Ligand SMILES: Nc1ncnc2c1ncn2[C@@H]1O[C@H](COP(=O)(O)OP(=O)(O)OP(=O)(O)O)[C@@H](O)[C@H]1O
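In the block that follows, a single chain appears as structure tokens, in the form deposited without the named molecule.
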């Protein structure tokens, strides 16, 4: 029935992302975890890496489908027959950008409804960017990542 899309760069997927997509799967029949292919900011992991890490970290969720996309998110959501756009809501500065993005997406595809989900307090203060920056400077980010992601990030930063 209800098809939802949860897009992002997921570079890499964090426990914050797992919390959001898990909540989405309890609400909607099918959830597409949609990984943006060619972000303008050179992602740390390749698209194939981000997709494979996210598949592994969500494999326990029956109704998640991990797919990469390079179109405008709204164009891809339209072609996937999604009517729900999942966005994670952490802090107020996130909120301001999300409101601009949501109004633009509504202009581009009014039949796509943006829904904002709220993560656990546990993940309410992290981001892929902060995690990467901490790990790059020899900080412990084990608590923030799925184990498979933690292993790949160590491997990535070792070289």
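Residue numbers count along the first chain shown, from 1. Definition used throughout: the rigid core is the maximal C-alpha set that superposes within 1.5 Å between two forms.
Missing here is the form solved in complex with the named molecule; even so, the following discussion is about that form.
For the options 63, 46, 26, 129, the one in contact with the named molecule in the entry with it bound, meaning a heavy atom within 4.5 Å, is 129. Looking at residue 30, you'd find every heavy atom of it more than 4.5 angstroms from the named molecule in the entry with it bound.
In the entry with it bound, the named molecule sits within 4.5 Å of a heavy atom belonging to residue 20.
The named molecule is not shown here, but in the entry with it bound it comes within 4.5 Å of a heavy atom of residue 9. When the two forms are superposed on their rigid core between this form and the one not shown, the C-alpha shift of 2 Å or more among 101, 134, 27, 91 belongs solely to 91.
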